[PDB]
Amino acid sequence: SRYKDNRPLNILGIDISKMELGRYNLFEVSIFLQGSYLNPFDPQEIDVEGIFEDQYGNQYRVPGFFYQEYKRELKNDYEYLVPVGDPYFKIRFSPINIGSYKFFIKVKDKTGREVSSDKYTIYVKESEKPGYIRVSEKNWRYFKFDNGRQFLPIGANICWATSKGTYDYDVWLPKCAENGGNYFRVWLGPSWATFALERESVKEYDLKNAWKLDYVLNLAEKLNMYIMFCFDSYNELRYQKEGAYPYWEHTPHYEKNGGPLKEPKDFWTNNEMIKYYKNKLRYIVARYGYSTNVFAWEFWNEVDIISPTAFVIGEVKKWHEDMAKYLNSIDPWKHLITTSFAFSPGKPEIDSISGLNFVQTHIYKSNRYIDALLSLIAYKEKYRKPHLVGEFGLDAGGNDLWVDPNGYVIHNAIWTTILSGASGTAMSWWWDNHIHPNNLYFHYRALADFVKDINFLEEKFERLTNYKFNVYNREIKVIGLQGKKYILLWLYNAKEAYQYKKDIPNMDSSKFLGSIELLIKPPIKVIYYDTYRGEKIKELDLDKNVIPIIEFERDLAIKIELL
């Protein structure tokens, strides 16, 4: 209890960032106070709240959070944070309507005493921000922003940094964003993670790592990138003898290390653990919920490979139901909620929960992974909510960086997933040792430039069929979408797409390979698109339903417009 206080409850000061701001922008209040509490992260010890009301009567009850300011520096090869000033409490709000808001601050400590701040008025003007990310009501396969524009996640996992900490995100994120990336995922556990909130304790949260997460979220705000926050990872509940980067012996949850749990099975039902987990959710909502750059709350990385002594499907399901309900109830902005599994088909008992707004796949597979992605995407349409392939790679023991230094595997997967009907790109691993040093960002730029002007929410896209190849010299396969107005094709050579030794193609090729006949009504306009250079190659008007296939080395994209 290093942050305890033993004084009569009183507000000592309030600082307000600005009295005028734009729609969906951050409005921050600093609160200096004294009171009686053992743990500023526990609302039963001290509960700070901001009560906001727009001019239409809508009310928002925003929990406040304990905060320490830091100044970062780089000490040779590691980030070091110097504390600045005493810690204090903050409220972070974001207005969804324009016009006037009134708000006040309310504080209650463990004595039951309650104090209040006077009503303040702020004014909100229109801004460029599109709002929070939601499931599309027009097409449940896809995400939208509040303003109705689509959100197609294009990016990769970027889940933790080296010892350089936030300085790595300074490098990775601008490169991602300038190459069409608008998405990444970060880990808030286990305790070794860059943004670990439960670093030494499950009762009190790490103010340095929370500040690093502030920094990276602010950088995403500047770059128009949107983040999935993964709260916990399976390692926390996996025993040393079970392998796969286990961490139970080191995790703060374990009684040996000060926590409430005698064994990982008890995580799901232990009353003390559930209480502190809800305090963590409240802290996360308080500190980060305002941000439209939070794409989603993700409870678990691969919860199915916690210790087999700890995975009880009925209890994990109930815990996800209860925590999703709680999180929704306290999150004024109702961010999307999800969870993930190592087993690529997932766990239907959990994926079917209505409180999980979208489902995910993790898949590491070396052989015929294009077909495996297609099959999984087709299968999970049964949930009638969006599907994110949140992790993807070879099953090569982490050797992708030297088996495939050109990123052909990533290339194949991001084209396959977005043109099979998934909500966005397959999300690669290996951001730090592969994507960045091998400079693989250009793959994403080529894909983003192909899809960005299509409104997927209105095309009524269906996976391509009723097609007939007529190709004699090669084995060419197709992944395709057929919509109201567009047909999008990704063609690949089955005998070249899975070999990674040759250099990046630079076709000069103008040559005729074969044809693909589609059941569509002509006339049409056909655009041939280089998937490595990210450029239109050729354009052709047609009066029949048979599209010539021009020469290409590994794969080729075609955009067809029904006229």
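Numbering starts at 1 and follows the sequence shown.
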Problem set entry | Average Cα temperature factor in the PDB entry - higher stretch of 332-340, 460-468 | 460-468
Exercise. Going by the B-factors listed in the PDB entry, is the mean over the C-alpha atoms higher for 247-255 or for 72-80?
Worked result: 72-80
For this session: Tell me, please, which of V285, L488, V186, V107 has the highest C-alpha B factor according to the deposited entry?
Result: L488
Exercise. When you compare the CA B-factors of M273, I154, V115, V312 as listed in the entry, which one comes out on top?
Worked result: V115
Exercise. Can you tell me which third, lowest, middle or highest, the CA B-factor of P345 falls into for its chain?
Worked result: middle
Exercise. With respect to C-alpha B-factor, does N433 fall in the lowest, middle or highest third of the chain as deposited?
Worked result: middle
Seminar exercise, completed: The third of the chain into which the C-alpha temperature factor of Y364 falls is the middle
Problem set entry | Chain third (lowest, middle, highest) by recorded CA B-factor, residue given as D86 | highest
Exercise. Comparing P190 with the other modelled residues of its chain, is its CA B-factor in the lowest, middle or highest third?
Worked result: lowest
